[PDB]
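Here's the structure, in structure tokens; my notes come after.
Values below: every heavy atom of this structure, side chains too, minus hydrogens, waters and symmetry copies. Below, chain A is the first sequence line, B the second, and so on; all start at residue 1.
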Amino acid sequence: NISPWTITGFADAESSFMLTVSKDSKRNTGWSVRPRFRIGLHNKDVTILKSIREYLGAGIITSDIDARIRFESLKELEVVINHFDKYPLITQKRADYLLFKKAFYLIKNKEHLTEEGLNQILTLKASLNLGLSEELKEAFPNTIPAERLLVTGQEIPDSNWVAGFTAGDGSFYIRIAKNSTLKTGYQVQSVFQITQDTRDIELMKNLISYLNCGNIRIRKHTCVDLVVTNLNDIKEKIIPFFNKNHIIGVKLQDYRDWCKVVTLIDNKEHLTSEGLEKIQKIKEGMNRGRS
DNA sequence: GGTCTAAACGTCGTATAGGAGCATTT
DNA sequence: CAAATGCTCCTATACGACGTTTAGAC
Ligand SMILES: [Ca+2]
Ligand SMILES: [Ca+2]
Ligand SMILES: [Ca+2]
Ligand SMILES: [Ca+2]
């Protein structure tokens with residue numbers, strides 16, 4: 001059974017809080033307003049959604065071109081709010097969450113069915129994710145966006161948060177570099193990685209302190225990566241950590257193979273031709289190459 | 001100076017995030 | 001008949017993941 005912090009960590013990675021405001025002649029305000037919480041994944045990781053569903057006792061799961069769990073009814077959203085209030089997000093999504101939560105409150109008390117309250121919802125939507133479309137701006141032209149919590153000073157709340165977070169955005173891959181200065185002609189490196197928009201670089205920096213290893217990389221996305229390449233950071237920090245705090249989803253299979261390769265590297269078989277072929281074959285069966 | 005590790009640097013493709021609204025039930 | 005919510009379809013970017021070169025440790 002999945003840990004609650006794993007869910008929050010995973011949601012920090014993969015979830016979305018949304019407000020849809022659509023024109024509807026049949027409603028008294030002329031508008032339909034609704035809050036949503038959703039996670040969407042590749043079909044192959046539907047099992048993650050089911051584990052989440054069994055835990056919260058709520059949510060509607062669908063599978064078509066992708067896999068989704070959604071919370072749209074007030075009862076379902078209440079479950080969502082109770083959880084994240086209890087196990088709070090620590091990425092910038094907390095600010096999206098807080099906007100979302102205010103809208104939810106407005107709707108529960110039926111203030112969205114009035115014009116003033118309707119107007120209030122849009123200021124929240126205006127500051128939520130991608131904000132108001134031009135069209136929504138036109139219909140509600142003088143909307144001033146609600147205050148957004150700038151999220152700062154967040155401590156890693158729990159080891160299972162990291163596991164959930166890494167299961168969404170994290171990566172375990174084996175890096176092979178063509179390099180004539182090596183006998184085999186290639187360097188082999190086991191790599192652990194977390195990718196995130198630079199808006200949360202502080203958090204990534206916090207994750208490095210928390211795991212006591214890794215470097216910060218700013219690319220040429222505008223995304224930042226946490227990267228661990230040090231062999232005995234991997235051996236003595238990363239692998240023991242994720243052994244206790246389990247990766248979920250297909251990536252768990254990737255982790256295990258990744259773990260296996262670290263052993264091979266640790267025994268220097270990568271510095272031999274035969275071992276390198278071994279490693280390549282495993283690598284070819286990991287991540288995107290996994291069928 | 002020869003191997004090797006660490007990590008700085010490079011970069012593509014899509015699974016994520018985020019979105020909007022009609023249909024059906026209450 | 002209006003409010004809730006079940007259901008479905010659209011967009012694209014923040015991711016994941018793969019490759020090379022450089023600093024330097026030994
Ligand atoms: Ca993410
Ligand atoms: Ca993911
Ligand atoms: Ca992700
Ligand atoms: Ca992708």
Practice task
Check whether the side chain of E72(A) and the base of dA4(C) form a donor-acceptor pair under 3.5 Å.
Solution key: no
Practice task
Could you tell me whether the side chain of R36(A) has a donor or acceptor atom within less than 3.5 Å of a complementary atom in the base of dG21(B)?
Solution key: yes
Tell me whether the side-chain N/O atoms of [X] come closer than 4.0 Å to OP1 or OP2 in [N].
X: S16(A); N: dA17(B); result: no
X: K110(A); N: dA4(C); result: yes
X: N179(A); N: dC4(B); result: no
X: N215(A); N: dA6(B); result: no
X: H112(A); N: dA3(C); result: no

Problem - Proximity of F140(A) and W31(A) rings by center, below 6.0 Å - result: yes
Students often get this wrong, so: under 4.0 angstrom with heavy atoms, is [X] touching a base, only sugar-phosphate, or nothing?
X: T62(A); value: nothing
X: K44(A); value: nothing
X: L128(A); value: sugar-phosphate
X: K125(A); value: sugar-phosphate
X: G131(A); value: sugar-phosphate
X: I60(A); value: sugar-phosphate

Find the distance [X]:[atom1] to [N]:[atom2] and express it as a whole number of Å.
X: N230(A); N: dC4(B); atom1: CG; atom2: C1'; answer: 14 Å
X: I176(A); N: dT5(B); atom1: CD1; atom2: P; answer: 13 Å
X: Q187(A); N: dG24(C); atom1: CD; atom2: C1'; answer: 12 Å
X: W31(A); N: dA4(C); atom1: CH2; atom2: P; answer: 17 Å
X: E269(A); N: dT5(B); atom1: CD; atom2: P; answer: 13 Å
X: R175(A); N: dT20(C); atom1: CZ; atom2: P; answer: 11 Å
X: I121(A); N: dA20(B); atom1: CD1; atom2: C1'; answer: 17 Å
X: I174(A); N: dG19(C); atom1: CD1; atom2: P; answer: 12 Å

Exercise for the section: Go through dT8(C), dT5(B), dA15(B) for me and flag the one nearest to the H42(A) side chain. Expected result: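 From the listed options, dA15(B) comes nearest.
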I'd like to check the side chain to side chain donor-acceptor pair (under 3.5 Å) partners of [X]; sequence neighbours left out, ordered by chain and number.
X: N109(A); value: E111(A)
X: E155(A); value: none
X: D169(A); value: none
X: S22(A); value: none

Listed by chain and number, what are the salt bridge (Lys or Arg N to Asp or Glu O under 4.0 Å) partners of [X], not counting sequence neighbours?
X: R27(A); value: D24(A)
X: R94(A); value: none
X: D64(A); value: none

Fill in the blank from the handout: Apart from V227(A) itself, its cluster of hydrophobic side chains linked below 4.5 Å comprises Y173(A), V191(A)
Problem - Any residue meeting ring pair (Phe, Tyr, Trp, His ring centres under 6.0 Å) with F84(A), in chain and number order, not counting sequence neighbours - result: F17(A), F37(A), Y97(A)
Please write out the pairs of protein N or O atoms and N or O atoms of nucleotides 23-26 of chain B separated by less than 3.5 Å, giving the distance to one decimal.
none

Handout entry: Parallel, tilted or perpendicular, as decided by the 30° and 60° cut-offs, for the rings of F104(A) and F100(A)
Key =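 Geometry flag for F104(A) against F100(A): parallel rings.
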Practice task
Between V33(A) and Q189(A), name the one whose nearest nucleotide on DNA chain C is closer to the 5' end.
Solution key: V33(A)
Practice task
Summarise how protein sits on nucleotides 9-17 of chain C as a single string, 5' to 3': B when a protein heavy atom is under 4.0 Å from the base, S for sugar-phosphate-only contact, - for no contact.
Solution key: BB---BBBB
Exercise for the section: For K268(A) and for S22(A), find the nucleotide of DNA chain B with the closest heavy atom, then tell me which residue's nucleotide is more 5'. Expected result: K268(A)
Handout entry: Residue pair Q120(A) / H112(A), side-chain heavy-atom distance below 4.5 Å
Key =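 No; the side chains remain at least 4.5 Å from each other.
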Problem - Divergence of helical axes at both termini of the helix from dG2(B)-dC26(C) to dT26(B)-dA2(C) - five pairs an end, 10° steps - result: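 Answer for the end axes of this duplex: 30°.
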Handout entry: Distance-only polar pair, side chains of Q92(A) and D200(A), donor-acceptor under 3.5 Å
Key = yes
